[PDB]
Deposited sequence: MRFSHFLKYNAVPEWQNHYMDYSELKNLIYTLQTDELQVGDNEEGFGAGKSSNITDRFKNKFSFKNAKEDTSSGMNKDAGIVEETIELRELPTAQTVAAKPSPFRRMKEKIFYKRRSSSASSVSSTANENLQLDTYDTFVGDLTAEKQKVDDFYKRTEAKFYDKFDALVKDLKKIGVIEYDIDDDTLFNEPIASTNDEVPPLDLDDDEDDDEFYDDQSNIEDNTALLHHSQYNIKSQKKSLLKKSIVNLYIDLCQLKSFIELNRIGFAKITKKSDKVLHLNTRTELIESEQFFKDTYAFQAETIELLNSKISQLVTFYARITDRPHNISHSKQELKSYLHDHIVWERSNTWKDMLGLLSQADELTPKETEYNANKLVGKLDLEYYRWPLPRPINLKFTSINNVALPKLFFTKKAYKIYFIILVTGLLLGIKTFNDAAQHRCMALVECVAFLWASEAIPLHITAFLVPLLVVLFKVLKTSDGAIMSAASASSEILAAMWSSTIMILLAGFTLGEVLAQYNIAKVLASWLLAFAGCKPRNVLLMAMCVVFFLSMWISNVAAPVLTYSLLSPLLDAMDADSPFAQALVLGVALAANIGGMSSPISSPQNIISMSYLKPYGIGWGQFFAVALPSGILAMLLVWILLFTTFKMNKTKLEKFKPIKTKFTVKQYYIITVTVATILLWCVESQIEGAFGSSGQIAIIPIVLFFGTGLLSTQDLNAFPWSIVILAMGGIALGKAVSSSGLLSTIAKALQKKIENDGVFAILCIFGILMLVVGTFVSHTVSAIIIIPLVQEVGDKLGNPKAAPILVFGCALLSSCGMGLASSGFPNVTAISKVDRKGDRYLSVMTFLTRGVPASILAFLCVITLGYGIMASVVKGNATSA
C-alpha cells in the first residue's frame, strides 16, 4: 500500500498530528474505550469476573454494532480480551490463570458448527461448479414467477425448509448457492439483492426454531419437554405455525421497506438436460450428507456430532479432485473467524456466570406473575441477550431456570409452556449482523466486484423489527396453540 500519511499542522516548531486521529472511526474507538473504562471503574456486579465480563460484553457489542473495525477482527480480539479481562472461571469457582484461560478460550473456537459451515462451503461450491445449482434454480425460479416478491418468498421458504431439518448453519450457504444464478447478475446496490440476502438470513433464523431438531436449543428443550408428554407432533403443532407466520410477516416487511418491486426479472424456463455420471456422484454425496444430518441423533453413537458427518463431503470432494486447493483457499474465512468470535464470547459469558446472575435476579421478581407474564418478561430477556450473545448459550442457562419457576406454579401446564415458549423465544433475537451463522453469512456476502450487499445499519433497521415480529408470533399464535395442545401431567 501507500507509505504516506496526511497530517493536521498547527503552526504554534509546529505540532503536526496525523488526520487518522480525528475521523469517525477514531471517535467510535475513543467512545468505546471511554465506556469500557467507566464500566471497569464503576461497581456493577458483586462478582469480579461478572463485573469485568459486563464490560467485556459491552466493548465487544459496541465494536460490532458500530463496526469501528472489521467484524471478524473484533472476533479475533475476543480471545485476547477474555484472557486480559480475567473472566473465565474454574469449576471450583476461582479465577482461571491466564495460561489456563488462554488454552480454554482457544479450544472453544473450533467446534462442530465450524465443520458444518466448512461442509456448507464445500457443498455450495461443488454444486455451483458442476452446474447442479443452475439446473435446480431453473425449476424454483420457474415456480416462483416473474414477481420479485414471489422469488423472495421462494428463497425464504427454501432456507426455512432446510433449517427445519439440518439447522441454519449450512442452510443459508446452500440457499445462496441455489440463488447464485440470480444473485451473481445483480450488484450490491440493488434493493432486490439486499432483500434477498437479508431475507435468507432472517428466514434461516426463524427456520431454526420450527422443528425439534432445527437448532441446538431446540434439541435441548426437547429433552426437557419429553417428561411432560410433548412429542414431535406436539412440537410441530406449535413451532411450525409460529415460524411460518413469523416468516410471512417478515416477508411482508422486506418487500414493503425495500424498493424491490419494480425490478424486472428474467424468465427462467426449466433446464431439462440429463445429469452426467459425475453429477450423480455429487448429488448422491450431497443428498446423503443432508440425510445423515437429519438423522444425527440416531447415528450419534458412531459419528458423535454433525461436524464429523460434515467431514465426509469434504474428503469425498477435495480428495477426489473435484475441488482444488485453490477452491479451499477461496473459501470465505472471515466468516469462520467471525463465527469463532461469537462462540468465544458465549464461553466467556457462561464461564463468568454473568447471564446466570442476570437471569436469576429476574426470576426472583417474576416468580409469582402468571404464565403469560413470565413468558413475555423472560422472552424479552432472551430477545435482548440473544441479539448479542449466542442463542445456544442463553438457552442452556434460561431453560432450566424457567423450568423450576414453572414447577412451583400451581398450573400443571405452566412448566411445559415456559420451557416450550422460552425455547422458541431463544431464537427470536436476530438484529445484530455479527451474531448467529445466518447473520454472519449474510453480512459477509459480496457481489462480483467485492462490494457488500448489506451493512450493519441495514441489518439493524430490519432485523430488530423482524425480531419483534417473531417474538409477537410466538406469544400470540404459539401461546394460543400451546394452551390447547399442551396438557399438564
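- Note: segments 1 to 377, 390 to 400, 878 to 881 of the deposited sequence have no C-alpha coordinates in the structure.
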